[PDB]
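Student: Protein chains in written order, with the authors' numbering: chain A, 1 to 304; chain A', 1 to 304. A prime marks a further copy of an entry chain. Even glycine gets a Cβ: it sits at the ideal position worked out from N, Cα and C.
2 protein chains.
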Amino acid sequence: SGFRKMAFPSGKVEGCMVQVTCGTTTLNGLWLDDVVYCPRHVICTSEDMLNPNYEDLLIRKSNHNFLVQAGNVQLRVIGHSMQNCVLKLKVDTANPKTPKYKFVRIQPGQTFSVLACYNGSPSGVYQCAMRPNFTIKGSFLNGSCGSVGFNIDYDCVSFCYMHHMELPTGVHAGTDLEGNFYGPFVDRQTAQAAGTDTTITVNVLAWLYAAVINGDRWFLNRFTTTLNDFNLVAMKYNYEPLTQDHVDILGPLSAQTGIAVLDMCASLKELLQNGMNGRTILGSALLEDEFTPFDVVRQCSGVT
Amino acid sequence: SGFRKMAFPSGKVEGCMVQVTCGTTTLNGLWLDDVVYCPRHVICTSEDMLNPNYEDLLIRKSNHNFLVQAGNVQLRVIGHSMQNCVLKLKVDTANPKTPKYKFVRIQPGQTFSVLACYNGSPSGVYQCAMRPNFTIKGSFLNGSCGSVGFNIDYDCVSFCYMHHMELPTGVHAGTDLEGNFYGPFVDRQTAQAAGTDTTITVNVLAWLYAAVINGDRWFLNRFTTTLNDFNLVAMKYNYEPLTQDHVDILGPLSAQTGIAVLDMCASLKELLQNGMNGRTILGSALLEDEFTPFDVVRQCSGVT
Ligand SMILES: *CC(=O)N1CCN(Cc2ccc(Cl)s2)CC1
Ligand SMILES: *CC(=O)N1CCN(Cc2ccc(Cl)s2)CC1
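#1: May I ask you to verify whether the segment 276 to 296 of chain A touches the segment 104 to 117 of chain A, counting CB pairs closer than 8 angstroms and requiring at least 3?
#2: Nearest to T26/A by CA position, among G2/A, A191/A, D295/A and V42/A, is which residue?
#3: With a 10 Å radius around its C-beta and 16 neighbouring C-beta atoms as the bar for buried, classify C156/A' as buried or exposed.
#4: Using 7 angstroms as the cut-off, classify the Cβ of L27/A' as near or not near the heavy atoms of ligand 2, replying yes or no.
#5: Given 8 angstroms as the limit, is there contact between the segment 87 to 105 of chain A and the segment 31 to 51 of chain A, that is, 3 or more CB pairs closer than that?
#6: Determine, using beta carbons only, whether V18/A' and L75/A' come nearer to each other than 8 angstroms.
#7: Counting pairs of Cβ atoms below 8 angstroms between the segment 219 to 227 of chain A and the segment 180 to 190 of chain A, do you hit three or more?
#8: Is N142/A' near ligand 2, judged by its Cβ being under 7 angstroms from some heavy atom?
#9: Any heavy atom of ligand 2 within a distance shorter than 7 angstroms of the CB on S46/A'?
#10: Taking three-plus beta-carbon pairs below 8 angstroms as touching, is the segment 183 to 190 of chain A in contact with the segment 205 to 225 of chain A?
#11: Is the beta carbon of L220/A closer than 8 angstroms to that of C265/A?
#12: As an exercise, report each continuous beta strand (DSSP E) stretch of at least 3 residues that is fully enclosed by the segment 139 to 175 of chain A', in chain order.
#13: Measuring straight from C-alpha to C-alpha, what distance separates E14/A' and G120/A'?
#14: Excluding five sequence neighbours on each side, which residues of the same chain lie with their C-beta closer than 8 angstroms to the C-beta of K102/A?
#15: Is it true that the CB of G124/A sits closer than 8 angstroms to the CB of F8/A'?
#16: Using the three-state DSSP reduction, which class does residue 305/A fall into: helix, strand or coil?
#17: Would the C-beta of residue 308/A count as close to ligand 1, meaning under 7 angstroms from any of its heavy atoms?
#18: Which bits of chain A does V125/A' rub up against, with CB to CB less than 9 angstroms?
#19: With which residues is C128/A paired in a DSSP beta bridge?
#20: Quick check: the segment 194 to 202 of chain A' against the segment 132 to 149 of chain A', are there 3 or more CB pairs under 8 angstroms?
#21: Does the beta-carbon of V73/A have 16 or more other beta-carbons within 10 angstroms, so that it is buried, or is it exposed?
#22: In the segment 279 to 296 of chain A, which residues sit with their C-beta less than 8 angstroms from some C-beta in chain A', listed in chain order?
#23: Go through its chain and collect everything with a Cβ distance to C117/A''s Cβ below 6 angstroms, but skip five positions before and after it.
#24: Are there 16 or more other CB atoms within 10 angstroms of the CB of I259/A', so buried, or fewer, so exposed?
#25: Cβ closer than 8 angstroms: which chain A residues qualify as neighbours of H172/A'?
#26: Considering only heavy atoms of ligand 1, does any lie closer than 7 angstroms to the CB of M162/A?
#27: If you measure from the beta carbon of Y118/A' to each beta carbon in chain A, is any gap under 8 angstroms?
#28: Taking the alpha carbon of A129/A' as the reference point, which residue from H172/A', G79/A' and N95/A' has its own alpha carbon closest?
#29: What's the gap between the Cα of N142/A and the Cα of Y161/A?
#30: Please classify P252/A': does DSSP put it in a helix, a strand, or coil?
#31: What first and last residue would you give for the alpha helix (DSSP H) that runs through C38/A?
#32: Which runs of the beta strand (DSSP E) at least 3 residues long sit entirely within the segment 51 to 76 of chain A'? Give them in chain order.
#33: Among the residues of its own chain, which have a CB less than 8 angstroms from the CB of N95/A, if the five just before and after it don't count?
#34: Within 8 angstroms of any Cβ in chain A', is that where the Cβ of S139/A sits?
#35: Under 7 angstroms: does the beta carbon of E55/A sit that close to some heavy atom of ligand 1?
#36: Residues of chain A' with CB closer than 8 angstroms to the CB of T304/A, please, in chain order.
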């Protein structure tokens, strides 16, 4: 019993982290096979980030300008290219610690673990979600860019995120491992505001299922609702509209607990309208939305 | 910017996790040098856990009864001994992945990372604190026992916890790596109730410092207090008494932010007396107490 915000074990990703510098101090790269992936803003100066022309800046860079260090060992850069907002640095040595991996572009509401690194060295690991506004709520200081987000399915690491960007509101933006930003964000120091941070309704319901499984049940009530009725309340409270797809995804948690998805919707509706009244659910005083239904099943069943 | 509940990178500990069985299904062990450490209740049957006599039960066990598996490779057990509530299984092979390590017994209020494992396989990593009642609030299902808690100082893993025990209230109990339980708990299926889960005041103040550093400042007020006045309010709300030692430990965060510890105490006092009024601090609706002052400095400074 007990339910915790849990990250994937980071070992497989720790084995992939390197340091990159290209004239203007350091950030992180991801070393898979004989390619090191890093944010293209590694090539920027303190004059460049306002209105950078990356193709023009890159022309001034040669393989020998990209200093790539794995622990205390230097890697030889034998090629470099820009793909969208990432650089791919070809090295002469395959990373011997390369795990089975995939690059996946996640949807908003999907969770992943971040391995926060500085200068190619891991500092810690935490769980995130891709927000509906395509930001993430991370912990990233100068030097953390190139830190990656991932899921693991048994032995295969799915990399979904690379850190690039802090908005003036202290939320985070980055790319998939093809270098495409999540949402409308750009690697330029400009006026970029996040949209509404809507709550991931399907994740809140998953977490209410987790609470019931782990003994927190005070918020179950005598009510039910419909998708359309629930969605009127979701709208008012900046919750994502609940779809039949979301209901279908919650089916296993419904089956295990014997609480119909629409009955749990009616619980969530009362919590939205009435608040917690100073009570907690799985040690939280607000409705947690960074556990997916898959996350709840995984943690509740002891998957490795 | 941003402040997250962050665990240590788990790679160094993943390298140490094995599976142990001794007649009655499986739990985890920790493989350091040529010794595998595991809970002594691995030797129990379904008749034993009510009133186990571990010395008597152990007499029936030989080296060949302890099945120790690192991935798909079996380890040869050449000796076994009981130290308090752990077994030490001597194997003929030093773990080649043994990191620099220490065994430390932590004080209540100290935080650590847990690598949750099942059958010697890591499932995930989360941050805990040793509670003032010497429980921890974990995520542990059957098979998770032998999972360990740790801190890392650069390259040295300090192991502080091994999981043994779930109380009927769904909180967790275990031992240091010398096999001594934290608090009054025993590895017996009996009436064991946790005492008052008091809030770790010094950690709450640390986290309020973290909030200020990361832009969350609405709870700063025009007031100050004294240790004795604050402690009257701590008492009423089941907070640990604040000591001059705690004030001294918060000195660096005080210095960096320019907010006197006793002024932050006055903020915490108003939050206790008035509540959040529906507001949040670093994405929490309650006062977070599982970040130490060391944790806040580490995360706010990007230590690796
Ligand atoms: C996330 C991170 O490390 N940073 C630091 C770099 N910064 C942009 C710049 C790149 C070259 C420079 Cl000189 S400044 C983004 C945030
Ligand atoms: C934490 C954990 O894995 N468990 C399962 C084992 N249980 C005690 C027992 C040991 C031998 C048995 Cl048979 S049952 C404690 C919780």
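Tutor: So, from the listed chains and residues:
#1: Contact between the segment 276 to 296 of chain A and the segment 104 to 117 of chain A is present, with at least three C-beta pairs closer than 8 angstroms.
#2: The shortest CA-to-CA distance from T26/A to any of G2/A, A191/A, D295/A and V42/A is the one to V42/A.
#3: When all chains shown are included, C156/A' counts as exposed.
#4: At least one heavy atom of ligand 2 lies closer than 7 angstroms to the C-beta of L27/A'.
#5: They touch, by the three-pair rule.
#6: Yes, they are a contact pair.
#7: Judged by Cβ distances under 8 angstroms, the segment 219 to 227 of chain A makes no contact with the segment 180 to 190 of chain A, as fewer than three pairs qualify.
#8: Answer for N142/A': yes, Cβ within range of ligand 2.
#9: Because some heavy atom of ligand 2 lies under 7 angstroms away, the Cβ of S46/A' counts as near it: yes.
#10: The segment 183 to 190 of chain A, when compared against the segment 205 to 225 of chain A, does not touch it at the 8 angstroms Cβ threshold.
#11: No.
#12: Listed in chain order, the complete beta strand (DSSP E) runs (minimum 3 residues) inside the segment 139 to 175 of chain A' are 148 to 153, 156 to 166 and 172 to 175.
#13: If you take the alpha carbons of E14/A' and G120/A', they lie about 9 angstroms apart.
#14: Counting only Cβ-Cβ distances below 8 angstroms, and skipping sequence neighbours, we find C156, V157, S158 and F159.
#15: Going by beta carbons, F8/A' and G124/A fall inside the 8 angstroms limit.
#16: Any answer about residue 305/A is impossible in this case: the structure gives chain A only from 1 up to 304.
#17: What is shown of chain A runs 1 to 304, which leaves residue 308/A out entirely.
#18: Per Cβ cutoff of 9 angstroms: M6, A7, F8, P9, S10, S113 and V125.
#19: Paired residue(s): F112/A.
#20: Contact between the segment 194 to 202 of chain A' and the segment 132 to 149 of chain A' is present: 3 or more CB-CB pairs across the two stretches fall below 8 angstroms.
#21: With a 10 Å radius around the Cβ and a threshold of 16 neighbouring Cβ atoms, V73/A comes out exposed.
#22: For the segment 279 to 296 of chain A, which is checked against every Cβ of chain A', the residues closer than 8 angstroms are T280, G283, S284, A285 and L286.
#23: Taken in chain order, the residues that qualify are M17, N28 and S147.
#24: Per the 10 Å Cβ criterion, buried.
#25: Result: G2.
#26: No; taking the cut-off as 7 angstroms, the Cβ of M162/A has no heavy atom of ligand 1 nearer than that.
#27: Interface residue, yes.
#28: Just measuring C-alpha positions, the residue of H172/A', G79/A' and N95/A' sitting nearest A129/A' is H172/A'.
#29: Between the alpha carbons of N142/A and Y161/A lies a gap of roughly 17 angstroms.
#30: Reduced to three states, the DSSP call for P252/A' is helix.
#31: That residue, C38/A, is in no alpha helix (DSSP H); its beta strand (DSSP E) goes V35 to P39.
#32: The qualifying runs are 67 to 70 and 73 to 75.
#33: Here the set comprises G15, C16, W31, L32, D33, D34 and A70.
#34: Chain A', which has a Cβ nearer than 8 angstroms to the Cβ of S139/A, makes this yes.
#35: Answer for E55/A: no, Cβ out of range of ligand 1.
#36: Correct list: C117, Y118, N119, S121, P122 and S123.
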